[PDB]
């Protein structure tokens, strides 16, 4: 159970300095969506920002020194106005999440079954620990109420990265230092994603 039921409630309860909405609009068919950025799901801000070099980006970040968990709003409740605008303006959505787990794992779901399966094969071939989630899996992200699915097509890829995988990409795993300690494994991962996105969306 999240602390807030929707963005209007979070905005009325939290100091505006303690979160940030960040957008990059390029006209790319694909939107990179990270609604749990900053301290909420650590490392999702950095993966989103690197992919935004080629793709449109929506980022919601928790910027508290601690207690960013209160800023988590589940995808089916996430209705921040700039997110509703940007998802509606794009053909396809890749949505970035973190979940709690020490082992290195990437769970791939979403409504775009063909591209989710292709992404898992490319990650596995490239030596990353990806599994495809199917429609009855809890992390599937197939709800029409899911922010990632409110696009022109309703086709999404949901990328859920374990704590262990996210911690593997940074010298220092802090709000302050992830963005300036990205390692060789961070660029190898984002290169596989750039390779996949250029090929899979034409």
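Residue numbers count along the first chain shown, from 1.
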(request) Would you tell me which stretch averages the higher CA B-factor in the PDB entry, 140 to 148 or 24 to 32? (result) 24 to 32
(message) If you take the mean CA temperature factor per stretch, which one wins between 103 to 111 and 121 to 129?
(response) 121 to 129
(request) Compare the CA B factors listed in the entry for 134, 65, 158, 163 and report the winner. (result) 65
(request) Rank-wise, by C-alpha B-factor, drop residue 191 into the lowest, middle or highest third of its chain. (result) highest
(request) Would you check the entry's CA temperature factor for residue 14 and let me know if it's in the chain's lowest, middle or highest third? (result) middle
(request) Just say lowest, middle or highest third for the CA B-factor of residue 40 relative to the other modelled residues in its chain. (result) lowest
(request) Compare the C-alpha B factor of residue 61 with those of the other modelled residues in its chain, then answer lowest, middle or highest third. (result) lowest
(request) Sorting the chain's modelled residues by C-alpha B-factor, tell me whether residue 48 ends up in the lowest, middle or highest third. (result) lowest
